[PDB]
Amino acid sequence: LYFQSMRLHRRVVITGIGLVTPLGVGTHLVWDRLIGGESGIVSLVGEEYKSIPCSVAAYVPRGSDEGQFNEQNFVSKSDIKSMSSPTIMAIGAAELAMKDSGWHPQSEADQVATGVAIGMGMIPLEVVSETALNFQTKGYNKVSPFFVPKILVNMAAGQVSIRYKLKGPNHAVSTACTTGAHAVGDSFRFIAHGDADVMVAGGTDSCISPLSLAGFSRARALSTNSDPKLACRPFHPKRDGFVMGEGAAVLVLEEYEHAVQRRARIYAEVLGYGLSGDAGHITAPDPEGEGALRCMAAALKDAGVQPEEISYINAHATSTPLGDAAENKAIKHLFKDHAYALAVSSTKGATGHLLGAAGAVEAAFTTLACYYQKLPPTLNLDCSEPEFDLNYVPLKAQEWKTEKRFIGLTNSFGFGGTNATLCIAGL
């Protein structure tokens, strides 16, 4: 009364999706490859990777062919000098998302109404070590003036803002594997609360190098399986660590009345956002998944949605022994008998683990799932331990229509025990 005010929360919808991933570039193409059970995980070739026990990764395919990434479609040869690889991928995904929403702010009022929330999980390590080398060897003057702008996490968000004249909230998170989920969630709360009417929201990461793969490997996080068709297998008995990918994924979120008055196409509504912390270990998850259960519960509370109204969960499950099990337990614990009436899939068998981009690419897939009422498969799931007895949509996509509202969750958990869930619903 004296303690608790009311203020307007607007409803928020997704009107644009832009994807630069190991499955390819372009939204309907990546969706088709995903649903079709395709994967971007390949073998590492290069004598530079000989020292590391990992031998697979998921690269964004590059070139001018179908579904490939051509940097020069989006950025000039000069711009490329001042930008990191993740920033270039973010600029590409952003342009594609805005084209997909039809949103091209030209008036001062629309420019001010649109912000950017694009996070990055890790800065590019090779920019740092190559500058350190130049500085140690040739001195102060061989350090680039674009060194700082190239290594700051917020520079993708900053470059997308300048390129498209987006003057609303300018925000960047860096929460490891949860980055992309927080970016969409934070953008959801900003629009809801009134800070903005449109947000260009997502994640980017492109850090596959021997040094980064050496680091994740020494942390015991990466699969040592040398067969790229088999390495990443969420919920599988033989899962043995994640497979690193790269990419960017960007969603245009928009205030609902704003979307309707301009006659935009709406994929889905964002209903809720949940966050929690394990407060356990810096790399390993709560083995009982208590923090997972809390962020999912929080998102349901924020949405005003009961467990029994959920149709689909896009799992974080990265193909790790402890992680996949923890998450499985969380779902069973929260959803109880409804755990077996819903479907769960993890799309990381297709994309790899895209780090700062994982949570946004998975929010985009969950958004497509709700819009189409069709679920992408979990790859490689060709057997199961007795406790892994949910419907994991193994291997083949499945239609999942209702006359009820199709409501989904997407989970993202990260090093440091940082957890987020998004609740996203079809109209």
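Between two forms, the rigid core is the largest collection of C-alphas that superpose within 1.5 Å. Quick note: we count residues from 1 along the sequence shown, nothing fancier.
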Checklist outcome for this item: Superposing the other structures by the rigid core, the farther-displaced stretch by RMS over CA atoms in 4 other deposited structures of this protein, of 138-146 and 309-317, is 138-146
Item to check | Greater Cα displacement in 4 other deposited structures of this protein once the core is superposed, comparing 351-359 with 79-87 | outcome: 79-87
Item to check | Between the two ranges 118-126 and 336-344, the one averaging a larger CA B factor in the entry | outcome: 118-126
Checklist entry - Given the B-factors recorded for C-alpha atoms, which segment has the greater mean, 305-313 or 205-213? => result 205-213
Checklist outcome for this item: Scanning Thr402, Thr367, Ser39, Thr378 for peak Cα temperature factor in the entry gives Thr402
Item to check | Member of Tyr372, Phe388, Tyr49, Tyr59 with the greatest C-alpha B factor (per the PDB record) | outcome: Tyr49
Next on the checklist: Can you tell me whether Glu71 has a C-alpha B-factor in the lowest, middle or highest third compared with the other modelled residues of the same chain?
Outcome noted: highest
Checklist outcome for this item: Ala420: CA temperature factor from the record, placed by chain third, in the lowest
Next on the checklist: When the deposited Cα B-factors of this chain's modelled residues are ordered and cut into thirds, is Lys77 in the lowest, the middle or the highest one?
Outcome noted: highest
Next on the checklist: Please place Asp382 in the lowest, middle or highest third of its chain according to the CA B-factor in the PDB entry.
Outcome noted: middle
Item to check | Among modelled residues of the same chain, the CA temperature factor third for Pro394 | outcome: middle
